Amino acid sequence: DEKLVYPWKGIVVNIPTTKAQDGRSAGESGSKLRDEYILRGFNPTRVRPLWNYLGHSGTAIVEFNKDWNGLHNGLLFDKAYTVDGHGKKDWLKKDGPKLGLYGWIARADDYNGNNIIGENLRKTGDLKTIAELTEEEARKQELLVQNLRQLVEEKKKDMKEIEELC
């Protein structure tokens, strides 16, 4: 199906910024936003705003753990904003003025995209397709059980040996 950015990443936009005398924008460290997401159960490792020549672009990348708990967290992050009426599709409606953060998990569109996001997604990660991953993992598992059953199967044979002698 659709691919995603490994390691899993979150995109949030519409961060409030402030323009200083020199004309550069600034903003919160995002560790404030990290904490919130932590308290929310989203357990991200890192929240870094994307910078440019002006400074804070009003967008940040949310970083999740490489493992399967990561992907879990990120998806939650995604479903939250989506159900709150603050998904990407919501960010993009020309339907007017937007209030508060809008956020979504990073897929191929974002990785591809010709902009400061896409540029910072390719600098840091690679596309990967869920099922492809989801498959290898249950294959890696159906694999050991054999090897275990094998080892038991063996011990069983070792036990019929003795009985056959007895």
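Counting begins at 1, following the sequence as shown.
TODO: Quick one: say whether 129 to 137 or 62 to 70 has the higher mean Cα B-factor in the deposited entry.
DONE: Averaging CA B-factors over each stretch, the winner is 129 to 137.
Open item on the list: Averaging CA B factors per stretch from the PDB record, which one is higher: 78 to 86 or 92 to 100?
Closed with: For C-alpha atoms only, the mean B-factor is higher in 92 to 100.
Open item on the list: According to the Cα B-factor stored in this entry, which of the following is highest: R40, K123, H56, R34?
Closed with: Max CA B-factor in the entry, restricted to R40, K123, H56, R34: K123.
TODO: Give the position of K19 by CA B-factor within its chain, expressed as the lowest, middle or highest third.
DONE: According to the entry, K19 has a C-alpha B-factor in the chain's lowest third.
- [ ] Compare the C-alpha B factor of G27 with those of the other modelled residues in its chain, then answer lowest, middle or highest third.
- [x] Its C-alpha B-factor, which the entry lists for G27, ranks in the middle third among residues of this chain.
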